[PDB]
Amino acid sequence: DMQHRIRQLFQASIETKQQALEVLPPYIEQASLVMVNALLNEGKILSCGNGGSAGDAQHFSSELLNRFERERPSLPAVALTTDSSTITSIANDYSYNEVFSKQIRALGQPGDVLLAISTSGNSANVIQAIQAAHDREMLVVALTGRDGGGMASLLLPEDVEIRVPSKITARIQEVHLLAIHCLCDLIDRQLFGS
């Protein structure tokens, strides 16, 4: 029974990826171009998310700040989910909704990029992070799922949404991780060739 349940999970994950391969590629490519153009212009990338998505935020920032595959220079990315003093104080002093937006308002420079990760598209703090990136004239790459939630209504024409065609948070995170490896691979290829 457990073996069957595991297979069923592997299979659902495989199917979700096959469904995502049918619609995500163009958005994944557009998002990598948005990020490469920012990196080429002294810009940096900020990432935020909650739970497994906070793990994706820092997964992305480490691939860039250290490396993805080939040896190359560190690239500028900052995860907004890791400084516990900043996060706890903001949430404590005002509200949890401001933990990312408040850092973006300080760190965001025009032309920088915000990688906003949410499987529901409905996390208040990421919705507010997107508003704050817009206030700093930043472009937004949003990794989402379901119907895109409030995050999708905030996206502007230059922003890019990568909406996983799934309603299951765990499946969604699995594609998000793959999507991030694609972005890291495409950024390296674009900046340093194949």
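Residue indices: 1-based, along the sequence shown.
Legend: mean Cα B-factor per stretch from the PDB entry, 67-75 versus 94-102; the higher mean is in 67-75.
The question of which stretch, 39-47 or 125-133, has the higher mean Cα B factor is settled in favour of 39-47. In the deposited entry, the Cα temperature factor of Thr144 sits in the middle third of values across the chain's modelled residues.
Ranked by Cα temperature factor within the chain, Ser53 sits in the lowest third according to the deposited record. The PDB entry assigns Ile172 a C-alpha temperature factor belonging to the lowest third of its chain's modelled residues.
Among all modelled residues in its chain, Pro26 ranks in the middle third by Cα B-factor. In this PDB entry, the Cα temperature factor of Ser84 sits in the middle third of its chain's modelled residues.
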